[PDB]
Amino acid sequence: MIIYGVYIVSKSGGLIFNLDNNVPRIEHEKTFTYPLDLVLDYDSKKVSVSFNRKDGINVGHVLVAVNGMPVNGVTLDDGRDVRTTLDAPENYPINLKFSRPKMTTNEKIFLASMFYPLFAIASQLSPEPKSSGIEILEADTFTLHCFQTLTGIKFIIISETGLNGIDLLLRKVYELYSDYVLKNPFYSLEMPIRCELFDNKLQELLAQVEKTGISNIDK
Amino acid sequence: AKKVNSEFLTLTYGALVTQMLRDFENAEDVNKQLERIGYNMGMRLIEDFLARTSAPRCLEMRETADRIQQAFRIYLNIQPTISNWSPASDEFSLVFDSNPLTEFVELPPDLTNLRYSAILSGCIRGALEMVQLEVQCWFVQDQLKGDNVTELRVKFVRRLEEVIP
Amino acid sequence: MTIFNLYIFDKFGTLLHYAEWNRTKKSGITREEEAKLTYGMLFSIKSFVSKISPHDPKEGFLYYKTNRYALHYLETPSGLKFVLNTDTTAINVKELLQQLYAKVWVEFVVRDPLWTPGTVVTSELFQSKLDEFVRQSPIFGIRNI
Amino acid sequence: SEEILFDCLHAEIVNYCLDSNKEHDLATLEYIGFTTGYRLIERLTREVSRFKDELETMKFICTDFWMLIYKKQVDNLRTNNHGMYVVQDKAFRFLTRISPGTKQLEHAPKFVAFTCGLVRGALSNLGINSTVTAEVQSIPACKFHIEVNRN
């Protein structure tokens, strides 16, 4: 029902504004035993699992903090390696704490940077003529709505699969985008959005869209 | 009448092993070449098996065992008892009370090392490298070797992942 | 449901087969580089939907729709990729592409001894079967979900 | 159904293309296969008489076998002036997997060899007495002429 991540990108495509709605990423807990069924395959400071998914654990799901000891890179906060505790069976059973790797800011920046030419070059020589780039993408758990203002701005918001009328939400965020860019020409047309006014009015919009009804267009 | 459509494979495979034998005396040739051809076979049938079942993929081991026992159920019409589970559970044993590839070829193939389930190996192996599972296979027990019941033992190693698209 | 065109690419990323019935705009670049551009299209889309999704992608990406056409996708657990393309109005075509995969491509590619995986699929028989199978219920449109 | 196993397995039958024998398969596959088919034949509409002989045409067993195996009976079934004869089919089941273009004929005779050299009977047209060669002029249209091994 909620609009998971409201974003926007410039003509170059750098993610201008990472408006994240409140999105509780799932946290899983399990007290494991002697060396594990879980695929404790180490991959570039991401001690995650690829195979042997159990108990709602995904490939991304990565250990955060055994018994409340947050992982730095691959090591224990106290400085032992993950596998250093993995070989040690005396402490077992031990409580592992898994979470999918939460996309940090720079991660989302890179994601939008790598995405942008996709939509930009979206079947440029498509079978149907005079067509556009990708207007709506629909995925397994979400649907992205990208709306080009016929040049320049691309409003990209990801909502629930069954949600409807997202184009109107794009209209309202277009309105509030104008209502913001009112003030700062020194805010360059390609600078990231850093303004709490847009933030709070969009929090009001989120509070509204908690209710499906969009009327007198609801903000 | 004419219930059993398929007693012709137990003798087609028999012809295969006999002529491979008459071509190469080595007992292990008729094992390894037979395994690789059954491997291409598994490539060719995993596609149709996923065409019907519409399984997402074998992202997990227990679901993989379920898919493989389902594959045996649909084509070779045998029920693989999934047992002998490792503490790490990366491996499981397939218990075939009756060999589906053969129906009573005979207990002595006149000489040992005559691996009679190499296609079965391909049957279990090929699909894995098509469902993107870099997996090893080997047979822990063969009833045809003078034994009671045939158990297979297949060990996943690396999640095959596409690269450099 | 009559459509614009269909693409079949192996998990490695080569053009296994292409089919055309309605593709109106005829490109200038070669359909080979076009096939590779579509494959990059699809794989980067899969990455995008995998990573920006807040919840577990079971089968990942589904389709995209544009102003004037729409594109639909099918990932086999084998890694094979099907893609179809057409205009807007029809039943959702996920089961349509699955039916085409099971009933035709499995029937008239894999079952062919002449067909060797890792190569292109060139056979007038499969071209026929695909053509009349799309012409089985061939009105038009997609609106896939 | 239980057809794709045999289809693929026969594809590999072809696949090993050793440079020694035009018969990738020997008549052993034949013998054992129609021996199983004979297991299917526990009843056959042939008289019980020890004093009289009644013949079961290999054509009829061929067609019933084919429905049990190839699933499409003869389209032309011509009796040659000899004791031998010829069978002609507009299409073949293994050949339905390939277009009618004449590219690799030589596989199809190896396919249909499964009806060659079958463990015979004494009387003419007695069900299984089979010596036959494949002479295929068109890709789906498979033709096979038998020759009486004796005489």
# chains A, B, ... in the order shown; residues from 1 in each chain; ligands from 1
>>> interface_residues(of="chain A", to="chain C", cutoff="10 Å", atoms="only C-alpha atoms", output="NGL selection string")
:A and (4-5 or 23-26 or 56-60 or 100-103 or 107-108 or 111-112 or 114-115 or 117-119 or 121-144 or 158-159 or 161-162)
>>> interface_residues(of="chain A", to="chain B", cutoff="9 Å", atoms="only C-alpha atoms", output="ChimeraX atom specification")
/A:34-39,50-54
>>> write_last_selection(atoms="N, CA and C atoms", output="mmCIF file, in the first residue's frame")
data_model
loop_
_atom_site.group_PDB
_atom_site.id
_atom_site.type_symbol
_atom_site.label_atom_id
_atom_site.label_comp_id
_atom_site.auth_asym_id
_atom_site.auth_seq_id
_atom_site.Cartn_x
_atom_site.Cartn_y
_atom_site.Cartn_z
ATOM 1 N N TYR A 34 26.142 -26.626 15.763
ATOM 2 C CA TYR A 34 27.381 -27.060 15.114
ATOM 3 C C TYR A 34 27.358 -26.790 13.610
ATOM 4 N N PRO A 35 28.521 -26.761 12.935
ATOM 5 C CA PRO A 35 28.625 -26.071 11.637
ATOM 6 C C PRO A 35 27.450 -26.329 10.705
ATOM 7 N N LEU A 36 27.102 -25.293 9.949
ATOM 8 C CA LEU A 36 25.709 -25.002 9.645
ATOM 9 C C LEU A 36 25.244 -25.609 8.332
ATOM 10 N N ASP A 37 23.939 -25.880 8.267
ATOM 11 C CA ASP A 37 23.286 -26.161 6.996
ATOM 12 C C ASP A 37 23.295 -24.933 6.102
ATOM 13 N N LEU A 38 23.173 -23.754 6.702
ATOM 14 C CA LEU A 38 23.211 -22.508 5.959
ATOM 15 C C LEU A 38 24.526 -22.380 5.204
ATOM 16 N N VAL A 39 24.448 -21.830 3.995
ATOM 17 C CA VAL A 39 25.642 -21.654 3.178
ATOM 18 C C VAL A 39 26.355 -20.399 3.648
ATOM 19 N N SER A 50 23.901 -17.969 -0.001
ATOM 20 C CA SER A 50 23.354 -18.034 -1.350
ATOM 21 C C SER A 50 22.341 -19.166 -1.475
ATOM 22 N N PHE A 51 22.695 -20.348 -0.983
ATOM 23 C CA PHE A 51 21.883 -21.552 -1.070
ATOM 24 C C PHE A 51 21.370 -21.925 0.321
ATOM 25 N N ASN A 52 20.489 -22.929 0.370
ATOM 26 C CA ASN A 52 19.916 -23.441 1.618
ATOM 27 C C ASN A 52 19.132 -22.351 2.361
ATOM 28 N N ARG A 53 18.060 -21.896 1.720
ATOM 29 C CA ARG A 53 17.201 -20.874 2.310
ATOM 30 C C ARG A 53 16.189 -21.520 3.253
ATOM 31 N N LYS A 54 16.190 -21.117 4.525
ATOM 32 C CA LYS A 54 15.174 -21.588 5.458
ATOM 33 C C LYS A 54 14.622 -20.422 6.262
#
>>> atom_distance(atom1="CA of residue 121 (chain C)", atom2="CA of residue 77 (chain C)")
19.9 Å
>>> closest_atom_pairs(of="chain B", to="chain C", cutoff="12 Å", atoms="only C-alpha atoms", output="tab-separated table")
residue	atom	partner	partner_atom	distance
B:40	CA	C:117	CA	9.4
B:41	CA	C:110	CA	10.3
B:42	CA	C:110	CA	11.4
B:43	CA	C:78	CA	8.9
B:44	CA	C:110	CA	6.1
B:45	CA	C:110	CA	8.2
B:46	CA	C:78	CA	7.7
B:47	CA	C:78	CA	6.5
B:48	CA	C:106	CA	6.1
B:49	CA	C:102	CA	9.4
B:50	CA	C:77	CA	7.1
B:51	CA	C:102	CA	5.1
B:52	CA	C:102	CA	7.0
B:53	CA	C:102	CA	10.3
B:54	CA	C:77	CA	8.5
B:55	CA	C:77	CA	7.4
B:56	CA	C:77	CA	6.0
B:57	CA	C:77	CA	5.1
B:58	CA	C:77	CA	8.2
B:59	CA	C:58	CA	9.9
B:67	CA	C:77	CA	11.9
B:126	CA	C:78	CA	10.8
B:127	CA	C:78	CA	8.2
B:128	CA	C:78	CA	8.9
B:129	CA	C:78	CA	8.4
B:130	CA	C:78	CA	4.9
B:131	CA	C:78	CA	4.6
B:132	CA	C:78	CA	7.0
B:133	CA	C:78	CA	10.1
B:160	CA	C:79	CA	10.4
B:161	CA	C:79	CA	9.5
B:162	CA	C:12	CA	7.1
B:163	CA	C:12	CA	8.1
B:164	CA	C:12	CA	9.0
B:165	CA	C:40	CA	6.3
>>> select_by_dssp(residues="chain B", states="strand (DSSP E or B)", output="JSON, numbers by chain")
{"B": [81, 82, 83, 91, 92, 93, 94, 95, 96, 133, 134, 135, 136, 137, 138, 139, 140, 141, 150, 151, 152, 153, 154, 155, 156, 157, 158, 159]}
>>> select_by_dssp(residues="region 56-120 of chain D", states="helix (DSSP H, G or I)", output="list in words")
residues 58, 59, 60, 61, 62, 63, 64, 65, 66, 67, 68, 94, 95, 96, 97, 107, 108, 109, 110, 111, 112, 113, 114 and 115 of chain D
>>> write_last_selection(atoms="C-alpha atoms", output="PDB file, in the first residue's frame")
ATOM      1  CA  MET D  58       3.107 -59.163 -39.799  1.00  0.00           C
ATOM      2  CA  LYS D  59       1.293 -56.116 -41.162  1.00  0.00           C
ATOM      3  CA  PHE D  60      -1.350 -56.316 -38.433  1.00  0.00           C
ATOM      4  CA  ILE D  61       1.144 -56.894 -35.623  1.00  0.00           C
ATOM      5  CA  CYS D  62       3.187 -54.079 -37.153  1.00  0.00           C
ATOM      6  CA  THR D  63       0.277 -51.645 -36.981  1.00  0.00           C
ATOM      7  CA  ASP D  64      -0.742 -52.660 -33.456  1.00  0.00           C
ATOM      8  CA  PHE D  65       2.887 -52.464 -32.328  1.00  0.00           C
ATOM      9  CA  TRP D  66       3.066 -49.029 -33.949  1.00  0.00           C
ATOM     10  CA  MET D  67       0.000 -47.763 -32.095  1.00  0.00           C
ATOM     11  CA  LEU D  68       1.667 -49.156 -28.977  1.00  0.00           C
ATOM     12  CA  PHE D  94      10.473 -39.533 -34.784  1.00  0.00           C
ATOM     13  CA  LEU D  95      10.351 -37.508 -38.005  1.00  0.00           C
ATOM     14  CA  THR D  96       7.605 -35.221 -36.653  1.00  0.00           C
ATOM     15  CA  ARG D  97      10.436 -33.629 -34.669  1.00  0.00           C
ATOM     16  CA  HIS D 107      19.237 -41.279 -39.121  1.00  0.00           C
ATOM     17  CA  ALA D 108      15.635 -42.331 -39.770  1.00  0.00           C
ATOM     18  CA  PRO D 109      16.510 -45.854 -41.016  1.00  0.00           C
ATOM     19  CA  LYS D 110      18.503 -46.353 -37.818  1.00  0.00           C
ATOM     20  CA  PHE D 111      15.403 -45.234 -35.926  1.00  0.00           C
ATOM     21  CA  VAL D 112      13.090 -47.688 -37.674  1.00  0.00           C
ATOM     22  CA  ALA D 113      15.639 -50.520 -37.616  1.00  0.00           C
ATOM     23  CA  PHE D 114      13.786 -51.430 -34.403  1.00  0.00           C
ATOM     24  CA  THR D 115      11.510 -53.517 -36.667  1.00  0.00           C
TER      25      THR D 115
END
>>> atom_distance(atom1="CA of residue 212 (chain A)", atom2="CA of residue 193 (chain A)")
26.9 Å
>>> interface_residues(of="chain B", to="chain D", cutoff="10 Å", atoms="only C-alpha atoms", output="PDB file with C-alpha atoms, in the first residue's frame")
ATOM      1  CA  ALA B   1      -3.966 -54.664 -20.764  1.00  0.00           C
ATOM      2  CA  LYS B   2      -0.840 -52.887 -22.074  1.00  0.00           C
ATOM      3  CA  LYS B   3      -0.453 -50.892 -18.862  1.00  0.00           C
ATOM      4  CA  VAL B   4       3.350 -50.658 -18.706  1.00  0.00           C
ATOM      5  CA  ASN B   5       4.486 -48.636 -21.702  1.00  0.00           C
ATOM      6  CA  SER B   6       8.137 -48.643 -20.669  1.00  0.00           C
ATOM      7  CA  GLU B   7      10.034 -51.884 -20.345  1.00  0.00           C
ATOM      8  CA  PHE B   8      11.915 -51.024 -23.535  1.00  0.00           C
ATOM      9  CA  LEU B   9      14.407 -48.693 -21.873  1.00  0.00           C
ATOM     10  CA  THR B  10      15.759 -51.403 -19.561  1.00  0.00           C
ATOM     11  CA  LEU B  11      16.761 -53.210 -22.765  1.00  0.00           C
ATOM     12  CA  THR B  12      17.706 -50.156 -24.842  1.00  0.00           C
ATOM     13  CA  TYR B  13      20.155 -49.178 -22.109  1.00  0.00           C
ATOM     14  CA  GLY B  14      21.214 -52.824 -22.026  1.00  0.00           C
ATOM     15  CA  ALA B  15      22.044 -52.640 -25.709  1.00  0.00           C
ATOM     16  CA  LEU B  16      23.926 -49.402 -25.004  1.00  0.00           C
ATOM     17  CA  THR B  18      26.759 -54.099 -24.293  1.00  0.00           C
ATOM     18  CA  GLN B  19      27.864 -52.275 -27.429  1.00  0.00           C
ATOM     19  CA  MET B  20      29.941 -49.720 -25.493  1.00  0.00           C
ATOM     20  CA  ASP B  23      33.781 -51.279 -28.425  1.00  0.00           C
ATOM     21  CA  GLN B  33      30.857 -41.803 -21.700  1.00  0.00           C
ATOM     22  CA  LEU B  34      27.486 -43.157 -20.595  1.00  0.00           C
ATOM     23  CA  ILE B  37      25.504 -38.785 -22.676  1.00  0.00           C
ATOM     24  CA  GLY B  38      23.026 -39.114 -19.815  1.00  0.00           C
ATOM     25  CA  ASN B  40      23.156 -34.222 -22.180  1.00  0.00           C
ATOM     26  CA  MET B  41      19.974 -36.254 -21.664  1.00  0.00           C
ATOM     27  CA  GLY B  42      19.361 -34.513 -18.347  1.00  0.00           C
ATOM     28  CA  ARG B  44      17.260 -32.127 -22.555  1.00  0.00           C
ATOM     29  CA  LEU B  45      14.653 -33.295 -20.048  1.00  0.00           C
ATOM     30  CA  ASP B  48      10.422 -30.131 -20.163  1.00  0.00           C
ATOM     31  CA  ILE B  74       6.838 -38.226 -13.493  1.00  0.00           C
ATOM     32  CA  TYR B  75       9.127 -39.994 -16.001  1.00  0.00           C
ATOM     33  CA  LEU B  76      10.767 -42.977 -14.311  1.00  0.00           C
ATOM     34  CA  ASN B  77       7.793 -43.640 -11.995  1.00  0.00           C
ATOM     35  CA  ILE B 119      22.619 -42.093 -17.257  1.00  0.00           C
TER      36      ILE B 119
END
>>> atom_distance(atom1="CA of residue 57 (chain D)", atom2="CA of residue 139 (chain D)")
26.9 Å
>>> interface_residues(of="chain C", to="chain D", cutoff="7 Å", atoms="only C-alpha atoms", output="number ranges by chain")
C: 108, 111-113, 123-125
>>> write_last_selection(atoms="N, CA, C and O atoms", output="tab-separated table (two decimals), in the first residue's frame")
chain	number	residue	atom	x	y	z
C	108	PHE	N	9.27	-28.56	-30.09
C	108	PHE	CA	9.85	-28.50	-31.43
C	108	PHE	C	11.24	-27.88	-31.46
C	108	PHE	O	11.73	-27.51	-32.53
C	111	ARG	N	13.22	-31.46	-28.42
C	111	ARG	CA	12.98	-32.81	-28.91
C	111	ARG	C	13.66	-33.09	-30.25
C	111	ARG	O	13.66	-34.24	-30.68
C	112	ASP	N	14.24	-32.08	-30.91
C	112	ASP	CA	14.88	-32.26	-32.20
C	112	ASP	C	16.32	-32.73	-32.03
C	112	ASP	O	17.13	-32.04	-31.41
C	113	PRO	N	16.66	-33.91	-32.56
C	113	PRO	CA	18.08	-34.31	-32.58
C	113	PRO	C	18.97	-33.32	-33.29
C	113	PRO	O	20.11	-33.10	-32.87
C	123	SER	N	14.97	-23.88	-38.13
C	123	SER	CA	14.14	-24.96	-38.64
C	123	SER	C	12.80	-24.40	-39.07
C	123	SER	O	12.12	-23.72	-38.29
C	124	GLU	N	12.41	-24.68	-40.32
C	124	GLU	CA	11.11	-24.22	-40.80
C	124	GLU	C	9.97	-24.86	-40.03
C	124	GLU	O	8.90	-24.25	-39.91
C	125	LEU	N	10.17	-26.07	-39.51
C	125	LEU	CA	9.11	-26.71	-38.73
C	125	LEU	C	8.81	-25.93	-37.46
C	125	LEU	O	7.64	-25.72	-37.11
>>> residues_around(residues="residue 102 (chain D)", least_positions_apart="5", cutoff="10 Å", atoms="only C-alpha atoms", output="PyMOL selection string")
chain D and resi 137-140
>>> residues_around(residues="residue 15 (chain C)", least_positions_apart="5", cutoff="9 Å", atoms="only C-alpha atoms", output="list in words")
residues 7, 8, 9, 10, 32, 35, 36, 39, 119, 120 and 121 of chain C
